[PDB]
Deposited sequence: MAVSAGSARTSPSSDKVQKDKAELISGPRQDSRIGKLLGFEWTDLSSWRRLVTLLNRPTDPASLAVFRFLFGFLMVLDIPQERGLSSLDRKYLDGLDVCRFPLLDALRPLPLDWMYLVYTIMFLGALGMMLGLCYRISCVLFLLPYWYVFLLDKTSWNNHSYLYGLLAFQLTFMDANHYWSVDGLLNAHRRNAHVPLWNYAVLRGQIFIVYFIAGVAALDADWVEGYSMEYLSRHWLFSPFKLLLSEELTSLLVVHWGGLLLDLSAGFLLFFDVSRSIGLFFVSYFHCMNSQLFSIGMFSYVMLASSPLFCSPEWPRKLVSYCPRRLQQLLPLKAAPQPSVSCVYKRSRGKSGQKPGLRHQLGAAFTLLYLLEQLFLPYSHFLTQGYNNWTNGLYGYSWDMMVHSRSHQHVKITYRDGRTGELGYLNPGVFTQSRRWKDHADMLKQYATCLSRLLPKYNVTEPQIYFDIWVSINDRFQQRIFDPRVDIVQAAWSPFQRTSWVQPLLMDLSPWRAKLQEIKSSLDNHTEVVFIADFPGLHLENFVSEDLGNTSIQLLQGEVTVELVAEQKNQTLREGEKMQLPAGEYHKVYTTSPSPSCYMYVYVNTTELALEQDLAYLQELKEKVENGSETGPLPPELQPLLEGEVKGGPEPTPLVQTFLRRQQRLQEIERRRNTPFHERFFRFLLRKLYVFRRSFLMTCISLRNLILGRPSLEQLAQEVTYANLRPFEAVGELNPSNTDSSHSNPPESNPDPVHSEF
């Protein structure tokens, strides 16, 4: 029938459970499943020393170090450094076995268990492509991916060129479609459609051909934003149908190739590229081998027809294995569709977006900008106030946007502080964030002690400041102001809630600073003079430099205002430097016949030898000139040199990871050697290549 030739099955196959099980276990060619299996394992091997964190294990998990960590479960803790190296060694071996097909099921488990343990250890390392790797490994554990091109085929005669169940391809194809489609739906947000996210991505040289027929603004809006949205929503349908597969393959290949150079996402683009041929005929690799010379065929996988396999149902009564496989493909695909939209039961992980980042397929939709962070503590006994350096005991900055991470950070601080003579501290946070070029605003209540604050996984957090969505239309006006400013002027846009105030200390270098009111009403107090002045819409007031001032939001609705300032110290210094350069040019061109000043002598000589120490202005000028020369030298570098340096950097990363693992494995098995011996070995492992 027409439907049978289009979808690959018929309505009769869904009539009963037995028919459904029979259809899902239909024998299929394993050539395509094997090629993807090899490619996935090869890329996993490459990724382990680069992004999984093998080359920085000693720095991250240093023994006897004070660090605040963010595990999903508070009871999950890492192992000592030597045992952490063993975990990565087992993960590496499992990936190698998967790529080769040697002891397929054991190798799959060896990769899977260590991978998820490391993933759950750090919530700050979660992203969409790392989440996908764990999903792909989980699926392949139950698949017969070692039936065509693997070592297991040589070890066992029954696993050499054998059929595989159809649900092996259905689950993999369904997973890839979900990644495309859910991403396209998430890209339906107003910010994406209007072109606010990644509004500067069209300046890359890779977009040169488009600019020959479009403007910069038009190219960004149509190509980058609407083009990406269209591909996500139609990539799955294009690949599935064979009348449009050729067009889809070219479009997705171009889409992924560009992304590999526009962003730094590790192996994401290469994994997606490899998954594309999974929609083609399951025997495409075998057909390609058929077009090879007879001599070359002796070094390639078999080309004959696959042999029957017990995993499939042949036109018999299905057994337990077939029924379980049918159940898995239905339940697993159902769970994948639901989870990205489950952010209504776990209400404790929503602050401004939905849930933790990593399992919603929302790539590059929201961009954040942080302006300032302040951490305050008050001693429980003494009662004195103090301030901490933001992110003092952290290895990442993601704690600023999540209430679950902030609660962990505050608990960690209260445990460490007593060792610095602080007893029973109370900690407050003041973080200013802006999302997609909006007004800068607070994200948490600055009057709440987070140590004693209440947090639950299933309850909405009480001390999270709502996002001011009503002020979004101001973005057009904000850009207009920022485009009319002078080359030496800067502006900051702030919105504050009623009943709150902002305390600001203006640096001495920021001469000529002023504040103007855009909406609402505020009161500005000069702390030193104890003077209060009220402001009205469109009113601007000058502020002193090197002093304190406070802004009170007295309106019943949030107020908006902007800061305009100029760095006077830098401006004067640059003018002096420019004047010196003009004088030097006058000397060089033959003018200024008069004797050069003693300070100008170092400029001509370029080396301070046998003379008085040069003034800071001369040193600054020399440093700037040297920096410009280095920049010019870096630009004038042939492509061959650039590629060679790139390969050398990779070689050092791979070599260091191997040597550090050997040292740790030696300690575990034989025993720790003398300190002098250990110091020498670490020095050897830190040597650069070549």
- Note on the structure: Check: deposited residues absent from the model (no CA) fall at 1 to 31, 347 to 353, 729 to 758
